[PDB]
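K.L.:
I'm passing along work-v2.txt; it holds compact mmCIF, C-alpha atoms and all ligand atoms.
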```
# COMPACT_ATOMS: atom_id res chain seq x y z
CA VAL H 1 50.98 -8.54 -55.45
CA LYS H 2 54.61 -7.49 -55.89
CA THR H 3 56.42 -6.08 -52.86
CA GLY H 4 57.47 -2.44 -53.20
CA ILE H 5 60.43 -0.72 -51.58
CA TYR H 6 59.43 2.73 -50.40
CA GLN H 7 61.29 5.39 -48.53
CA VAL H 8 60.77 8.84 -47.02
CA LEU H 9 63.59 11.32 -46.34
CA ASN H 10 64.44 14.36 -44.24
CA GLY H 11 66.75 16.04 -46.75
CA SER H 12 69.24 13.18 -46.48
CA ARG H 13 68.40 11.35 -43.24
CA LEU H 14 66.14 8.29 -43.42
CA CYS H 15 62.68 9.14 -42.10
CA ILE H 16 60.65 6.10 -43.21
CA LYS H 17 61.70 2.82 -44.82
CA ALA H 18 58.90 0.54 -45.96
CA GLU H 19 58.83 -2.65 -47.96
CA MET H 20 55.47 -4.32 -48.54
CA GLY H 21 52.88 -5.42 -51.05
CA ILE H 22 49.53 -3.67 -50.95
CA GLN H 23 46.14 -4.68 -52.31
CA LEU H 24 42.87 -2.76 -52.32
CA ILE H 25 39.59 -4.67 -52.15
CA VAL H 26 36.35 -2.90 -53.09
CA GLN H 27 32.91 -4.42 -52.49
CA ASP H 28 30.92 -3.56 -55.63
CA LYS H 29 27.82 -5.51 -54.65
CA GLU H 30 25.70 -5.03 -51.52
CA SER H 31 25.81 -8.80 -51.11
CA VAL H 32 28.79 -9.61 -48.91
CA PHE H 33 29.26 -13.02 -50.61
CA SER H 34 29.35 -11.59 -54.12
CA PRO H 35 32.72 -11.07 -55.88
CA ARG H 36 34.85 -8.05 -55.12
CA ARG H 37 37.14 -5.86 -57.21
CA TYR H 38 40.82 -6.40 -56.49
CA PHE H 39 43.56 -3.87 -57.17
CA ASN H 40 47.26 -4.60 -56.75
CA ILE H 41 49.48 -1.64 -55.96
CA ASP H 42 52.13 -2.05 -58.64
CA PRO H 43 55.39 -0.82 -57.03
CA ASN H 44 57.07 0.11 -60.33
CA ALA H 45 54.18 2.45 -61.13
CA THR H 46 53.88 4.05 -57.70
CA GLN H 47 55.45 7.26 -56.40
CA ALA H 48 56.47 7.37 -52.76
CA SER H 49 56.55 10.69 -50.94
CA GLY H 50 55.75 11.81 -47.46
CA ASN H 51 56.45 13.95 -44.49
CA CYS H 52 58.85 13.31 -41.63
CA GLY H 53 58.31 14.50 -38.07
CA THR H 54 59.60 14.12 -34.52
CA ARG H 55 56.39 12.46 -33.34
CA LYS H 56 54.34 12.00 -36.51
CA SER H 57 55.22 10.94 -40.06
CA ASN H 58 53.50 9.75 -43.22
CA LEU H 59 54.32 7.49 -46.13
CA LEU H 60 52.12 8.36 -49.09
CA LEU H 61 52.02 6.15 -52.16
CA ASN H 62 50.47 7.51 -55.31
CA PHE H 63 49.44 5.66 -58.42
CA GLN H 64 47.19 6.06 -61.39
CA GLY H 65 43.74 5.96 -59.84
CA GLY H 66 44.51 7.13 -56.34
CA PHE H 67 46.73 6.60 -53.34
CA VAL H 68 47.40 4.87 -50.07
CA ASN H 69 48.40 6.96 -47.08
CA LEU H 70 50.06 5.39 -44.07
CA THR H 71 50.35 7.71 -41.07
CA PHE H 72 52.76 6.85 -38.24
CA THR H 73 52.81 8.09 -34.63
CA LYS H 74 55.50 7.40 -32.02
CA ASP H 75 54.27 7.24 -28.43
CA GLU H 76 57.79 6.69 -27.09
CA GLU H 77 58.88 4.18 -26.50
CA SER H 78 57.35 2.41 -29.55
CA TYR H 79 55.81 3.66 -32.79
CA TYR H 80 52.89 2.39 -34.88
CA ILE H 81 50.70 3.12 -37.87
CA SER H 82 48.12 5.53 -36.47
CA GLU H 83 46.10 6.22 -39.61
CA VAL H 84 45.28 4.63 -42.97
CA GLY H 85 43.64 6.34 -45.90
CA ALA H 86 43.00 5.20 -49.44
CA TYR H 87 41.51 6.50 -52.64
CA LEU H 88 40.80 4.38 -55.71
CA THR H 89 39.19 5.10 -59.08
CA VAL H 90 37.46 2.40 -61.12
CA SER H 91 36.75 3.16 -64.79
CA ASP H 92 33.50 1.18 -65.18
CA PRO H 93 30.88 1.98 -63.95
CA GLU H 94 32.85 5.12 -62.93
CA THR H 95 33.33 5.21 -59.18
CA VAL H 96 35.93 6.55 -56.80
CA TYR H 97 36.00 4.54 -53.57
CA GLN H 98 37.77 5.89 -50.53
CA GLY H 99 38.11 5.63 -46.80
CA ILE H 100 40.13 6.45 -43.71
CA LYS H 101 40.69 4.65 -40.45
CA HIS H 102 41.57 7.36 -38.00
CA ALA H 103 42.37 6.02 -34.55
CA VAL H 104 44.16 2.71 -34.91
CA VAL H 105 47.15 1.04 -33.32
CA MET H 106 48.75 -1.02 -36.05
CA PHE H 107 52.09 -2.79 -36.47
CA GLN H 108 53.15 -1.33 -33.13
CA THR H 109 56.90 -1.79 -32.66
CA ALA H 110 59.52 -0.80 -30.07
CA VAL H 111 61.32 2.35 -31.23
CA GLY H 112 64.62 1.69 -33.02
CA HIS H 113 63.39 -1.74 -34.09
CA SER H 114 61.71 -2.74 -37.35
CA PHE H 115 58.34 -4.38 -37.93
CA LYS H 116 58.12 -7.54 -39.99
CA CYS H 117 54.94 -9.31 -41.07
CA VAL H 118 54.96 -11.50 -44.16
CA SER H 119 51.52 -12.78 -43.17
CA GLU H 120 48.59 -11.03 -44.86
CA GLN H 121 47.28 -8.11 -42.80
CA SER H 122 43.92 -6.48 -43.37
CA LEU H 123 41.97 -3.35 -42.51
CA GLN H 124 38.47 -2.17 -43.40
CA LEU H 125 38.85 1.49 -44.36
CA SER H 126 35.24 2.19 -45.30
CA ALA H 127 32.25 -0.14 -45.59
CA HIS H 128 33.21 -1.06 -49.16
CA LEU H 129 36.93 -0.36 -49.16
CA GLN H 130 39.52 -2.60 -47.60
CA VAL H 131 43.31 -2.59 -47.67
CA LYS H 132 45.54 -5.67 -47.37
CA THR H 133 49.29 -5.72 -46.75
CA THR H 134 51.75 -8.53 -47.32
CA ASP H 135 55.52 -9.13 -47.13
CA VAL H 136 55.79 -6.18 -44.77
CA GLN H 137 59.04 -4.96 -43.35
CA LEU H 138 59.11 -1.33 -42.25
CA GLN H 139 60.66 1.17 -39.85
CA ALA H 140 59.97 4.80 -38.96
CA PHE H 141 61.60 7.68 -37.03
CA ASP H 142 64.70 6.23 -35.33
CA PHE H 143 67.33 4.83 -37.70
CA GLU H 144 70.92 3.56 -37.69
CA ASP H 145 73.02 3.74 -40.87
CA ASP H 146 70.05 3.10 -43.19
CA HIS H 147 69.50 -0.43 -41.89
CA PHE H 148 66.52 -2.27 -40.43
CA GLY H 149 66.49 -2.28 -36.62
CA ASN H 150 66.46 -5.14 -34.10
CA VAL H 151 63.34 -6.58 -35.83
CA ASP H 152 59.99 -7.85 -34.45
CA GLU H 153 57.00 -9.94 -35.58
CA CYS H 154 53.20 -10.19 -35.55
CA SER H 155 51.96 -13.77 -35.92
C1 LIG H 201 48.47 11.70 -45.40
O1 LIG H 201 48.54 11.79 -43.99
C2 LIG H 201 48.92 13.07 -43.52
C3 LIG H 201 48.93 13.02 -42.00
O2 LIG H 201 49.80 11.99 -41.59
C4 LIG H 201 47.98 14.17 -44.01
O3 LIG H 201 48.55 15.42 -43.68
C5 LIG H 201 47.73 14.08 -45.51
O4 LIG H 201 46.66 14.92 -45.86
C6 LIG H 201 47.40 12.65 -45.92
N1 LIG H 201 47.31 12.53 -47.36
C7 LIG H 201 46.18 12.16 -47.96
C8 LIG H 201 46.09 12.44 -49.43
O5 LIG H 201 45.25 11.62 -47.36
IR IR H 202 32.60 4.42 -49.64
IR IR H 203 49.80 -6.06 -34.54
```
Go ahead and render the structure in this file as C-alpha cells.
P.N.:
Amino acid sequence: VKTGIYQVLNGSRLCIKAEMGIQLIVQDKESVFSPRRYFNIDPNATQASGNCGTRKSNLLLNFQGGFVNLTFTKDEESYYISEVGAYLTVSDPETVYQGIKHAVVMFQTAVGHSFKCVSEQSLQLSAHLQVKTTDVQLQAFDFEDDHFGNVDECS
C-alpha cells in the first residue's frame, strides 16, 4: 500500500494537496467471515485530476479498473471530506463493484490547516465495497506557498 502524492490545481494555484495510501476491499462472498478481495491503489499508475471550488472541491484518482473520488466541502471555518465514491473492476468472475457515501463528515480540519492521519481509516461505501486510507496528509482550499498548514490529527 504505497503512499501517493496527489494534487489538484486552479490554473497555477494549489487547490488540493493529498498524500495517502488507498486500498479497496470487496466482499466477494455473502459470508462476512470469508476472505475478501484486496486492491492497492498503485500511485505510479494512477492519474490525479479534479475540480477546485470556493466551497466545494474534488480529488479524483483514476486507475486501470476504476477510480476513487474524494469530494471536499468547506463549512467555514473548517473543511472536510463530504463524499466518497469508488468504482472497481475485477476480471474474474467479471464484476464491477462500486459505491458512494454521500453525506459524511470525514477528516474535518480547521481551514488553513492540514489533516494528518497515519493510522488506518476506513469507510463502507456500499455493502460489499469498502475503502481504507493510510499515511494520510492532505489539505484543501486555503493554502500558503504550496506548504502544509498548521497540521492536525485524528487518533
Ligand atoms: C467526483 O465528485 C464530483 C463532485 O465533487 C462529481 O461532480 C463527479 O461526478 C465525481 N466523479 C465521479 C466519477 O464519481
Ligand atoms: Ir455493490
Ligand atoms: Ir475524524
K.L.:
Between H:18, H:151, H:123, H:129, which residue has the minimum interatomic distance to residue H:110, considering all atoms listed in the file?
P.N.:
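Looking only at the distances to residue H:110, the closest residue turns out to be H:151.
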K.L.:
Nearest to residue H:2: which of H:133, H:119, H:95, H:78 is it, counting only C-alpha atoms?
P.N.:
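Nearest to residue H:2: H:133.
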K.L.:
So that I can see what lies close to residue H:148, please list as a PDB file with C-alpha atoms, keeping the file's coordinate frame the residues with an atom at most 10 Å from it, counting all atoms listed in the file and leaving out residues fewer than 3 positions away in the same chain.
P.N.:
```pdb
ATOM      1  CA  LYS H  17      61.700   2.820 -44.820  1.00  0.00           C
ATOM      2  CA  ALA H  18      58.900   0.540 -45.960  1.00  0.00           C
ATOM      3  CA  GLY H 112      64.620   1.690 -33.020  1.00  0.00           C
ATOM      4  CA  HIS H 113      63.390  -1.740 -34.090  1.00  0.00           C
ATOM      5  CA  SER H 114      61.710  -2.740 -37.350  1.00  0.00           C
ATOM      6  CA  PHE H 115      58.340  -4.380 -37.930  1.00  0.00           C
ATOM      7  CA  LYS H 116      58.120  -7.540 -39.990  1.00  0.00           C
ATOM      8  CA  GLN H 137      59.040  -4.960 -43.350  1.00  0.00           C
ATOM      9  CA  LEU H 138      59.110  -1.330 -42.250  1.00  0.00           C
ATOM     10  CA  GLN H 139      60.660   1.170 -39.850  1.00  0.00           C
ATOM     11  CA  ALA H 140      59.970   4.800 -38.960  1.00  0.00           C
ATOM     12  CA  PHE H 143      67.330   4.830 -37.700  1.00  0.00           C
ATOM     13  CA  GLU H 144      70.920   3.560 -37.690  1.00  0.00           C
ATOM     14  CA  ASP H 145      73.020   3.740 -40.870  1.00  0.00           C
ATOM     15  CA  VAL H 151      63.340  -6.580 -35.830  1.00  0.00           C
TER      16      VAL H 151
END
```
K.L.:
How many Å separate atom CA of residue H:134 from atom CA of residue H:21?
P.N.:
5.0 Å
K.L.:
Contacts between ligand IR 202 (chain H) and chain H, please, where a residue of chain H counts if it comes within 7 Å (with all atoms listed in the file); show its shortest atom pair and distance in Å to one decimal, rows by chain and ascending number, as a Markdown table.
P.N.:
```
| residue | atom | partner | partner_atom | distance |
| --- | --- | --- | --- | --- |
| H:97 | CA | H:IR202 | IR | 5.2 |
| H:98 | CA | H:IR202 | IR | 5.4 |
| H:99 | CA | H:IR202 | IR | 6.3 |
| H:126 | CA | H:IR202 | IR | 5.5 |
| H:127 | CA | H:IR202 | IR | 6.1 |
| H:128 | CA | H:IR202 | IR | 5.5 |
| H:129 | CA | H:IR202 | IR | 6.5 |
```
K.L.:
Residues within 6 Å of ligand IR 203 (chain H), counting all atoms listed in the file: report them as a PyMOL selection string.
P.N.:
chain H and resi 106-108+154
K.L.:
What residues have any atom no more than 9 Å from ligand LIG 201 (chain H) when counting all atoms listed in the file, and can you list them as an mmCIF file with C-alpha atoms, in the coordinates of the input?
P.N.:
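Final file, result.cif:
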```cif
data_model
loop_
_atom_site.group_PDB
_atom_site.id
_atom_site.type_symbol
_atom_site.label_atom_id
_atom_site.label_comp_id
_atom_site.auth_asym_id
_atom_site.auth_seq_id
_atom_site.Cartn_x
_atom_site.Cartn_y
_atom_site.Cartn_z
ATOM 1 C CA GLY H 50 55.750 11.810 -47.460
ATOM 2 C CA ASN H 51 56.450 13.950 -44.490
ATOM 3 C CA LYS H 56 54.340 12.000 -36.510
ATOM 4 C CA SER H 57 55.220 10.940 -40.060
ATOM 5 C CA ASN H 58 53.500 9.750 -43.220
ATOM 6 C CA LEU H 59 54.320 7.490 -46.130
ATOM 7 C CA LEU H 60 52.120 8.360 -49.090
ATOM 8 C CA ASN H 62 50.470 7.510 -55.310
ATOM 9 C CA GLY H 66 44.510 7.130 -56.340
ATOM 10 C CA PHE H 67 46.730 6.600 -53.340
ATOM 11 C CA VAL H 68 47.400 4.870 -50.070
ATOM 12 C CA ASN H 69 48.400 6.960 -47.080
ATOM 13 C CA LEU H 70 50.060 5.390 -44.070
ATOM 14 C CA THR H 71 50.350 7.710 -41.070
ATOM 15 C CA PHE H 72 52.760 6.850 -38.240
ATOM 16 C CA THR H 73 52.810 8.090 -34.630
ATOM 17 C CA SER H 82 48.120 5.530 -36.470
ATOM 18 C CA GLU H 83 46.100 6.220 -39.610
ATOM 19 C CA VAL H 84 45.280 4.630 -42.970
ATOM 20 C CA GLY H 85 43.640 6.340 -45.900
ATOM 21 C CA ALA H 86 43.000 5.200 -49.440
ATOM 22 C CA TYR H 87 41.510 6.500 -52.640
ATOM 23 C CA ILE H 100 40.130 6.450 -43.710
#
```
K.L.:
Name the closest residue to residue H:96 among the candidates H:45, H:131, H:65, H:79; distances are taken between atoms, counting all atoms listed in the file.
P.N.:
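Going through H:45, H:131, H:65, H:79 one by one, the smallest distance to residue H:96 is for H:65.
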K.L.:
Would you compute, for all listed atoms of stretch 25-30 of chain H, the axis-aligned bounding box grown by 4 Å on each side, and then report its centre and edge lengths in Å rounded to one decimal, as AutoDock Vina command-line options?
P.N.:
```
--center_x 32.6 --center_y -4.2 --center_z -53.6 --size_x 21.9 --size_y 10.6 --size_z 12.1
```
K.L.:
Of the residues H:27, H:89, H:3, H:150, which is the one nearest to residue H:43, using only C-alpha atoms?
P.N.:
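The closest residue to residue H:43 is H:3.
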K.L.:
When you count only C-alpha atoms, which of these residues is closest to residue H:6: H:26, H:125, H:48, H:117?
P.N.:
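Among the listed residues, the smallest separation from residue H:6 belongs to H:48.
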K.L.:
Quick one: distance from atom CA of residue H:44 to atom CA of residue H:61 in Å, one decimal?
P.N.:
11.3 Å
K.L.:
Have a look at atom CA of residue H:25 and atom CA of residue H:49 and let me know their distance in Å, one decimal.
P.N.:
22.9 Å
